[PDB]
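In what follows, one protein chain appears twice in different forms, each by itself as structure tokens: structure 1 and structure 2.
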Structure 1
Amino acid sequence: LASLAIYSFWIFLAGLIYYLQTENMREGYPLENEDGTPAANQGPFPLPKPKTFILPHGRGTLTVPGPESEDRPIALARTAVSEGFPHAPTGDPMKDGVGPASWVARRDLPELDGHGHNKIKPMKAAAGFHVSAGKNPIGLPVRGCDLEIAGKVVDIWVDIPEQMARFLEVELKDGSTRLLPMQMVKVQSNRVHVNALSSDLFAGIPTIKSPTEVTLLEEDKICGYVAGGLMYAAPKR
């Protein structure tokens, strides 16, 4: 026994690392990477078996060995010689949503909580929801990556089931509103700021289709664009 047990354990570990596990990591990844050779170095089990998630609420199915690709297009030219190099931004990349500002075309639908509909709703609409500790962001002047005050927090958009401040609706001086993600703003006792996006190009945040409901795609566009202020807002070194 004993040596037999550890020997067979090593067998099982091998049989649990690649097989089943690295296998399951391929499920929704590049299912084989091209723009070069489709594996190029050693072989995995060429992707795992199909599996399909049944979606609730609306309904749907997702056959998770995901044979998708993007043509939503990538405004990204080449630096050529190393087949494997930087891809040059051909056009204002924050607008283009390339690199640190990439979005993904997740469904254009809001994420519905457990019962149904809209996890993130603004606090105007939130069924008896309001601030339990810490300074209330509302009415605080959002600043810049500079002195320059970009707008005013007019509302907090709240994730109802988890009870949390996801976004801050900011009525930019224009009368137009857009959503700064909480995890990208430092709420202070007198300013409040996304010292992560210029001021200069706050305006370009992807606008909301229905002013009370965020959609996964919309959401992903806002978070992605905001992130690119770090690096691309040439202050932010």
Structure 2
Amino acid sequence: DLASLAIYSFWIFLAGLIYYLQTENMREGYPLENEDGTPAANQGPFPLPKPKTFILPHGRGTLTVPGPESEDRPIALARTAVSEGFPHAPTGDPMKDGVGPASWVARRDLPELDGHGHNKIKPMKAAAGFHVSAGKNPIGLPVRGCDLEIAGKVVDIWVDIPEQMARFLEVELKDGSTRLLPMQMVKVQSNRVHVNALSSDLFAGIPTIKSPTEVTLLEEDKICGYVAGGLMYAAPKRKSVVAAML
């Protein structure tokens, strides 16, 4: 019976598809390791796939995966238990050590280019023709932290050119320097931009960028990881929902 031969063959195929698919999704993070950083005994039923090489745009290089774990920097965490399966506590300040919800990856320290070879991200000031076309323009607004204190003011919008999307808010601090705040981590309100993730006193610590007109992937990550980390690590400094309604 064809129908039978068909449904039979399909399951073989499906199992192989899942197999193939699964192995493809192991081009990162594998082989698995034991909490102490050594090869974990069990690696699973699927074996690492044949490596593939990604020829990066603009001779930025090549990415070969799977390959050796690119992460080698120090992790400021200490084991909290002899047996595997438990948390590893921050040895210092997690926000600054870049661990936990505030982790960041050591991505390439160059800004991402678009199809035409121009920095994918630019401050509006420098984006020819770009302007706010709808919605409350955030620029000029005071930025408030979870502590309900002003941490600065928005001096510009960093735009993702290809996507014609707002990516960050450039916030000037009390000392006159600026920091980039992830657009999706700020709430643009009518009379101010609110940042629930961070308290005024933490804005200073947002990783800064090298060049004031571009941001690199490494910087992006460091800025994003840090701002997210605040949700957890700034909890004591954050005010209540009722305090915010005053």
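In this text, the rigid core denotes the largest set of C-alpha atoms whose superposition between the two forms falls within 1.5 Å. Numbers given to residues start at 1 and step along the sequence of structure 1.
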Using the rigid core as the fixed frame, list which single one of 210, 37, 189, 183 shifts its Cα by at least 2 angstroms between the two structures. 37
Is residue 171 displaced by at least 2 Å at its C-alpha between the two structures when the rigid core is overlaid? no
Per-residue C-alpha change between the two structures, residue 26, threshold 2 Å, rigid core fit: yes
Taking the rigid core as the reference frame, is the Cα of residue 52 displaced by 2 Å or more between the two structures? no
Upon rigid core superposition, what is the positional shift of the Cα of residue 14 between the two structures, expressed in Å to one decimal? 1.0
By how many angstrom does residue 69 shift at its CA between the two structures when the core is held fixed? 4.7
Any chance you could measure the C-alpha shift of residue 117 between the two structures with the core superposed, in Å? 2.0
